[PDB]
Amino acid sequence: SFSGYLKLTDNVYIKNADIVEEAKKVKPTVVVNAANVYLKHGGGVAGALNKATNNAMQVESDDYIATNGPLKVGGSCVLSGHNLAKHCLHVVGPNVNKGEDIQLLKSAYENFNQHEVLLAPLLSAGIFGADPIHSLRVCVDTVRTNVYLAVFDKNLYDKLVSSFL
Ligand SMILES: CN1CCOc2cccc(NC(=O)Nc3cnc4[nH]ncc4c3)c21
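Written out as structure tokens, the structure reads:
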């Protein structure tokens with residue numbers, strides 16, 4: 017199961033880890049992708065997860081969009097986890113660098129409540145432009161199911177733990 021995580025709350029855990037390496041080791045039921053509405057997995061966590069699947073995540077995602085159209089900011093869809101997990105929950109947090117409303121971050125984290133346990137990144141963090149400290153606060157105050165947060169950057173991980181209320 018998940019190992020080496022620091023316990024933040026009754027249901028939220030955190031670790032300084034590369035989510036691709038973590039997913040390959042644990043093979044969780046659900047890995048969360050930091051998706052955009054088009055499921056174009058070019059960079060950030062999405063680019064990394066898609067590269068680990070040898071682009072199979074992108075081929076599946078393009079068929080999903082061709083059939084269903086784009087997701088909503090704050091929405092999600094469940095697709096295959098390929099070689100990383102049973103399922104991938106593609107969640108769209110607001111991208112501050114595209115001028116999207118940070119208030120949609122709580123709606124994005126509500127998608128996690130449909131799954132009993134998840135391996136996830138902090139939504140809207142990294143190249144999505146939000147404050148990761150804020151994202152962790154919204155995560156703890158919204159998600160009720162068991163969430164294992166992987167934070168790639170060691171310096172950010174230390175800042176998140178040391179400033180956690
Ligand atoms: C190095 N690993 C181990 C297993 O083999 C593969 C295969 C594909 C990708 C990676 N990891 C990766 O790209 N990680 C990555 C990058 N940028 C990122 N930005 N934000 C998160 C985040 C994660 C790995």
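Our numbering numbers the first residue of the sequence shown as 17 and each following residue consecutively. Each residue gets a CB set at the ideal place from its N, CA and C atoms; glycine is no exception.
Mind reading off the beta-carbon distance from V53 to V89? Whole number of angstroms is fine, and I expect it under 8 Å. Position 37 of the sequence shown, counting from 1, holds the residue named residue 53. Position 73 of the sequence shown, counting from 1, holds the residue named residue 89. Yes, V53 and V89 are in contact; Cβ-Cβ is about 6 Å, under 8 Å.
Could you tell me the alpha carbon to alpha carbon distance between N99 and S17, rounded to whole angstroms? Sequence index remark: in the sequence shown, residue 99 carries index 83 (1-based). Sequence index remark: in the sequence shown, residue 17 carries index 1 (1-based). Distance between the alpha carbons of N99 and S17: 17 Å.
Mind listing, in chain order, the residues whose beta carbon lies closer than 7 Å to a non-hydrogen atom of ligand 1? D34, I35, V36, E37, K40, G60, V61, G63, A64, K67, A68, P137, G142, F168
If we call anything under 8 Å between Cβ atoms a contact, is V46 one with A101? Here residue 46 corresponds to residue number 30 of the sequence shown, with the count starting at 1. Here residue 101 corresponds to residue number 85 of the sequence shown, with the count starting at 1. Contact flag set, yes.
Ignore the nearest five residues each way along the sequence and tell me which others in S151's own chain have a CB closer than 6 Å to its CB. Residue mapping note: residue 151 aligns to position 135 of the sequence shown, counting from 1. Excluding sequence neighbours, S151 sits near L138, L139, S140, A141.
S178 versus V159 - alpha carbon distance: Residue 178 sits at position 162 when you count from the first residue of the sequence shown. Residue 159 sits at position 143 when you count from the first residue of the sequence shown. Cα to Cα, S178 sits roughly 21 Å from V159.
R153 versus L176, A136, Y164, residue with shortest Cα-Cα distance: To locate residue 153, count along the sequence shown from 1; it is residue 137. Ranking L176, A136, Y164 by Cα distance to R153 puts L176 first.
For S92, count neighbouring Cβ atoms within 10 angstroms of its own Cβ and tell me buried if that reaches 16, exposed if not. On the sequence shown, residue 92 is found 76 positions in, with the first residue counted as 1. That one is buried.
The alpha helix (DSSP H) spanning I81 covers which residue range? Taking the first residue of the sequence shown as position 1, residue 81 is located at position 65. 72-84 is the span of the alpha helix (DSSP H), which, as asked, contains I81.
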